Amino acid sequence: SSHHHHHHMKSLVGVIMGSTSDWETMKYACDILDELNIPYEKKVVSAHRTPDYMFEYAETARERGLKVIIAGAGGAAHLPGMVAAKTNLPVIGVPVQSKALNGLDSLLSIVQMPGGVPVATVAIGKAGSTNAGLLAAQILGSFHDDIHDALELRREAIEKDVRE
Amino acid sequence: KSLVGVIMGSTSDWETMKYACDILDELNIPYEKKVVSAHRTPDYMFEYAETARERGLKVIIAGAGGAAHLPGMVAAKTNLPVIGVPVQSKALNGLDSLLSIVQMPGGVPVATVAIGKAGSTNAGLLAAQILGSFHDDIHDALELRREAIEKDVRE
Amino acid sequence: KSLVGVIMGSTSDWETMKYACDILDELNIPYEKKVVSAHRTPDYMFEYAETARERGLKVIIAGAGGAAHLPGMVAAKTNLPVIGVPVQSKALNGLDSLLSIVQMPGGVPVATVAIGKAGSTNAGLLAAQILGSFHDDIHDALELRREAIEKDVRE
Amino acid sequence: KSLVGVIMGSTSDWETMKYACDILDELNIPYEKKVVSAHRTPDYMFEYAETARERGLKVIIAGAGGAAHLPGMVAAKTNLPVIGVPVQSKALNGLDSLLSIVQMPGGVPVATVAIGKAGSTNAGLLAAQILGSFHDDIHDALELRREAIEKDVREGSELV
Amino acid sequence: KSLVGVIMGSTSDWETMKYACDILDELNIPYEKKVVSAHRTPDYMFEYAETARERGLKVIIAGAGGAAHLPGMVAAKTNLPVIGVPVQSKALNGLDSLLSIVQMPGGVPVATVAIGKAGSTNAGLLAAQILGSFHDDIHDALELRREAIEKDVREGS
Amino acid sequence: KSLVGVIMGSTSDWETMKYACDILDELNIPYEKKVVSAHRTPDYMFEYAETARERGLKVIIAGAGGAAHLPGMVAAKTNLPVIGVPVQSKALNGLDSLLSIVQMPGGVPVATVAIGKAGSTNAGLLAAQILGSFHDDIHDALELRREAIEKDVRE
Amino acid sequence: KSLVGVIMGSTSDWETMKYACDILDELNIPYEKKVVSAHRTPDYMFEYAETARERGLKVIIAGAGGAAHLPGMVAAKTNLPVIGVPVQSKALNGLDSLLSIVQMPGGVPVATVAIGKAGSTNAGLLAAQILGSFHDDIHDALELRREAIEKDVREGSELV
Amino acid sequence: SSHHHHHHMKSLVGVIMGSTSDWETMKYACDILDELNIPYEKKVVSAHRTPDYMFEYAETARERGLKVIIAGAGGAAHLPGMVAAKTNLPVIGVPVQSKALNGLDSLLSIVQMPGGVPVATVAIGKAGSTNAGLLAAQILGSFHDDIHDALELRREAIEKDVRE
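Okay, here's the thing in structure tokens:
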């Protein structure tokens, strides 16, 4: 069932990752977007195995109405940065926890982007993935007060739960 | 009104945070810049963060080094996007700064950029991209700036 | 009443932080133990830190992992000695925890101890040594305890 | 007589350890400062540590770099609180110093502060806070000190 | 025609990358050198990599620092061997550069050499060794050069 | 005759080094595989390296962990390209392996790939790319293999 | 009587330190093994180290993890060669152990070997090499052992 | 100027390094040997630039009367380990402080030797070099009481000077 007939169901966030195994990490961002009723798309897009496709994905993101891209990658983690080099939409990079170096390689490859090409970097692993969802929502919430108000209530409920 | 707040724990961090501000001026984005210390002015930090939204800010850029708590603690107190710039520390060259900022727990994102001056520049650009995702004039300016760099480098 | 406050950012930290408490009980030092989160209950953390002295506390032991801000931010809000226990984090094995706690700037000390359960045990003993600096009964009991371990390891 | 002992492995560490002493001076807390080397004067280190309490010390601040054993070994030899300052080493920039001090085993705490001069300042302050857990006068002065810094920073001149 | 392409993400990398070029000059291996930026000229980078083989290049030497994506992104776009030189970055002393280059996933190798100027020297030598696997003349020249250095080092005082 | 030599310091490295060999088999590239230890069979190592060219090898793939000297010492003894695979070591997870291999001094390159099994796969592919620089058929098979993967991933 | 002393901070360190002792057994080198703790038995440590030479020991092998002070503090108290084995620690996988052992200051060498069990084996071999530099029977036994391994690796090791 | 006629002048320690630039670090070892009147030789021997020469040097060390080899190296520091692979004399490895990684690569390349091939590893840089010299002295002093006694007095003098 398509949703071309609902502007409000059209993707605002693109959630991408270099491999299907990254989905174990990237699902957390998507759970947040589900919780906040923010429409999104999720795809495998590999910087190294599908480079042309990555460029196509990045180039067309804004015309397709995406406001934010969330990109996860591990090791020599180039996906977030190369997507960022190809769009001026904000790009959030989630370092996936790699086998040998526990995401230290992931983190440095993503966060140390040169002047001109920011990537919004979050924590290694599942906390970062959750936080990518939330940051995408915060970005949407800088224009849409309803989303902002919902983030406030969500945080307020957690505070109460933890404190009590 | 100011749309971006640029803050830092000490005046010594201004040497890093200048770059962010130069970017905002370049893109004609109104901003405010202040010293706001997580450790030396904690109450003031909470007041700044709490009141950001009411005051009209849309994004906060925060720089700090060492045990770099300013970005995360501001981020705990507002649902503005918070961009954390790791300042290069003396002994550990910003590794402490980076891990203190990027490793935030689920619930409280900080958008972390590169250690040092490159990060600072990119904080300004990132703030602009957040605004520019909805505001075409800012997006168009970002695309032009990037286009001119591409041409310079290629040619 | 309680002379030591033992706090931590999440209930999952309790596995680590129980060790400090086991020490306080052993030594018959009255204490309280609470979940106080820098990032999820920031206002509550400030209130806890602010009031600690008025409430009779002499030392705070605070455990946290990752971007471990709890000990430092508590220490920014009280002049009680604050002892920080770096909880061993999943990806970075407490390297992030350690640097986020120990690298505090001039003005706001945190007494930092080892990553993990060893650190937590030592947090209890250090709170006791601080109390024992003005309470002979606690100092003597620390000396007796160390003497007993010495003889058992040797013999 | 002295309430805090400030010790260090080498004369070169004094550049770092001065900062602790300045804080103690500012707060009018009596102290002594000495070179005590874990590796070059091991016996002298054991004597300093075991006799600190009878000499009237309440806290020891010990600085060292590299394989920085001074704080931990002093801590093994007294139940005074021992504060360890990792001195910034040449090759590894105090990473070796830090791990050597902070990673003490169950039974022998060392209260560890930041690498280098910020750490040294904070060791002074921490020693004060420990004394302040009994001396209300010292606690109060620490509070006024911090409040004065807060005002200076909050009301500082605008960035240009 | 050039046999080797030497590329780098910024003119700031030239101080490092010259060392590779000096080796190619020494061995009379023809090459081209250009600034090609993964982050500032991404389309141009893909075009460079795409056309390399048709242009007659046999190997690419690519230098970058920090979030060092140039070597790997070029490697994704050509099956010529790609040698990655980690340029020493300011804060992290090339640790970021190295991990960003060497840790490539299965399918897309990058031949990684040492951080900084030794790496750069060695990138030239490795390019030459790759050519020397077919060209006996280059191989023999490599042997002679190494032999002369051996004599110089052993017989020095 | 074999065009590639695949070597490793110990039989326990075979679990890693098989990935390279699988690639060469896939591409029908003739190769030999041997345990050759820098530290336990140093003379045998020099003989292997010395004679590689005469025996018809064009590239050597060498795997080693820890104080991983095998790739570099082989590289010191032949001007064949030498590809170094850092085997993941127990305590330091191949960090020692990596630095031991990659940081070769000027004069003696080693073509270094990723720690572990990804690296091993890539050493096979890199050996093939080196051959493919002078064997068009191998280059074209590499392109075909990558093209199939691209479609599988994309679709 | 014992030529090598093998010491460690806890009985659980035997899991690592056994390997050094296996090598000494294999080479018929007489030794003693003891739990000696830098932090839990500091005075006992100093006494062990002080009297080593008079007791007839020629080399000490010391294992320790974390803030690993045992090797260096023993080395501060004797001019016997001291070999330090970094025990693999839980959080930091012996990086803390390694740095706190190897980075000893000028005047007080510790001969440091690899993290963990391979280091332990190598401490036994290195003690043997120190003895064997003057004692032909031990040198000969080391050469024989190394030679047998060379043959095994070269002529075994057939891959599948 | 030869000393074949003096058994006591013949080298007991060999101090080797891969490049003349390493001499700035390795001289400290040699200063200690001078101080203790222990005869020694110093040579540039490179694992990577003179591999055959390194094997020769290691092979012949024992029969030349050497008791101990001190080897300094930086970066991918293979010299100590490869010498240790070729002799059963004790080998002391000095990690030289490298430019980019400040001797971390040096240290790991030297210390992490596999079972069977020990290298006695000392501190990064000049402190290690000094200690290489003292450790070689300690090894000789395990047989020669005069050297051991000299080590004790040297340490005693330093102790007094520091304590006072």
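Residue numbers (PDB author numbering), protein chains in the order written: chain C, -7 to 156; chain D, 2 to 156; chain E, 2 to 156; chain F, 2 to 161; chain B, 2 to 158; chain A, 2 to 156; chain H, 2 to 161; chain G, -7 to 156. Here a beta-carbon is modelled for each residue, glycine too, at the ideal position from N, C-alpha and C.
field: Closest residue to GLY10 of chain F among F:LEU25, F:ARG56, F:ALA119 and F:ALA68 (Cα-Cα distance)
entry: F:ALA68
9 angstroms Cβ cutoff, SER134 of chain H in contact with chain G: Interface residue, yes.
query: So what does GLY6 of chain F bridge to, in DSSP terms?
result: F:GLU33 and F:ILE61
Alpha-carbon to alpha-carbon, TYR32 of chain D and residue 1 of chain D: Because chain D in this structure spans residues 2 to 156, residue 1 of chain D falls outside the shown range and cannot be described.
- request: Could you check the C-alpha separation between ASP141 of chain F and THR17 of chain E for me, to the nearest Å?
  value: 33 angstroms
task: Go through the stretch 68 to 135 of chain A residue by residue and report every complete run of the alpha helix (DSSP H) that reaches 4 residues or more, in order.
output: Here the runs fully enclosed are 71 to 76, 96 to 103 and 118 to 133.
Residues of the stretch 36 to 53 of chain F whose Cβ lies closer than 9 angstroms to any Cβ of chain G, in chain order: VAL36, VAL37, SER38, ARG41, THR42, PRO43, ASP44 and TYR45
- request: Give the C-beta separation of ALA129 of chain F and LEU145 of chain F to the nearest angstrom, bearing in mind that I take them to be a contact with Cβ-Cβ under 8 angstroms.
  value: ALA129 of chain F to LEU145 of chain F, Cβ: 12 angstroms. No contact.
query: Within 10 angstroms of its Cβ, does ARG56 of chain F collect 16 or more other Cβ (buried), or is it exposed?
result: Exposed, because fewer than 16 other Cβ atoms sit within 10 Å of the Cβ of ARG56 of chain F.
message: Within a Cβ cutoff of 7 angstroms, which residues of the same chain sit near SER90 of chain H, ignoring the five residues on either side of it in sequence?
response: Here the set comprises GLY66, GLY67, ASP97 and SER98.
query: Along chain G, which residues have their Cβ under 8 angstroms away from the Cβ of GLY67 of chain B?
result: Here the premise fails: no neighbours, minimum Cβ distance about 13 angstroms.
message: Which residues of the stretch 62 to 94 of chain B have a Cβ closer than 8 angstroms to any Cβ of chain D? Give them in chain order.
response: Listed in sequence order: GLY67, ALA68, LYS91, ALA92, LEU93 and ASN94.
- prompt: Would you report the Cα separation of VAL75 of chain E and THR52 of chain D, rounded to the nearest angstrom?
  reply: Between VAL75 of chain E and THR52 of chain D, the C-alpha separation is close to 22 angstroms.
task: Output the distance between the C-alpha atoms of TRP15 of chain G and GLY125 of chain G, rounded to the nearest integer angstrom.
output: 14 angstroms
field: Within-9 angstroms CB hit, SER11 of chain E to chain C
entry: Taking a beta-carbon distance threshold of 9 angstroms, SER11 of chain E counts as an interface residue toward chain C.
Option nearest residue 1 of chain B by Cα separation, candidates B:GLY133, B:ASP138 and B:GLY85: This structure cannot settle anything about residue 1 of chain B, because the visible part of chain B is limited to 2 through 158.
task: Below 6 angstroms CB to CB, which residues in the same chain sit around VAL103 of chain D once its five sequence neighbours on both sides are set aside?
output: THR113
Integer-rounded CB distance, given that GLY108 of chain F should sit under 8 angstroms from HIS40 of chain H: 6 angstroms
field: CB contact below 9 angstroms: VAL109 of chain A versus chain G
entry: yes
task: Check each candidate in D:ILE150, D:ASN80, D:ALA115 and D:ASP137 and name the one with the smallest Cα separation from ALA21 of chain D.
output: D:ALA115
- prompt: What is the residue span of the alpha helix (DSSP H) that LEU25 of chain C lies within?
  reply: 15 to 27
task: Thinking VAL60 of chain H and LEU81 of chain H are a contact (beta carbons under 8 angstroms), I'd like their distance in whole angstroms, please.
output: 6 angstroms
- request: Would you mind giving the Cβ-Cβ distance between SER134 of chain A and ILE131 of chain B, rounded to the nearest angstrom? I have them listed as a contact below 8 angstroms.
  value: The Cβ separation is near 6 angstroms, so the contact holds.
- request: Compare the Cα-Cα distances from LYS152 of chain H to each of A:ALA50, A:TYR45 and A:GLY73 and report the closest residue.
  value: A:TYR45
query: Taking Cβ positions only, does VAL7 of chain A come closer than 9 angstroms to chain B?
result: no
query: If we ignore side chains and look at the alpha-carbon of each, how far apart do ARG155 of chain E and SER158 of chain H end up?
result: 46 angstroms
- prompt: Bridge partners of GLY66 of chain B, per DSSP?
  reply: B:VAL88
query: Nearest to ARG147 of chain C by CA position, among C:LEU100, C:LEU28, C:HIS0 and C:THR12, is which residue?
result: C:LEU28
Cβ-Cβ distance between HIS136 of chain H and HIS70 of chain F below 9 angstroms: no
task: Name the residue from F:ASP23, F:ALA149 and F:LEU160 whose alpha carbon lies nearest to the alpha carbon of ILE62 of chain F.
output: F:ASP23
message: Buried or exposed, going by whether 16 or more other CB atoms sit within 10 Å of the CB of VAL7 of chain A?
response: buried
message: With distance defined between alpha-carbon atoms, name the residue in C:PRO43, C:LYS78, C:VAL37 and C:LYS35 nearest to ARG54 of chain C.
response: C:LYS78
- request: Classify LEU145 of chain C as helix, strand or coil using the three-state DSSP reduction.
  value: Reduced to three states, the DSSP call for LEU145 of chain C is helix.
message: Quick check on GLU156 of chain A: does DSSP put it in helix, strand or coil?
response: coil
Straight-line gap, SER13 of chain G to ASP26 of chain G (C-alpha atoms, nearest Å): Going by the C-alpha atoms only, they are around 21 angstroms apart.
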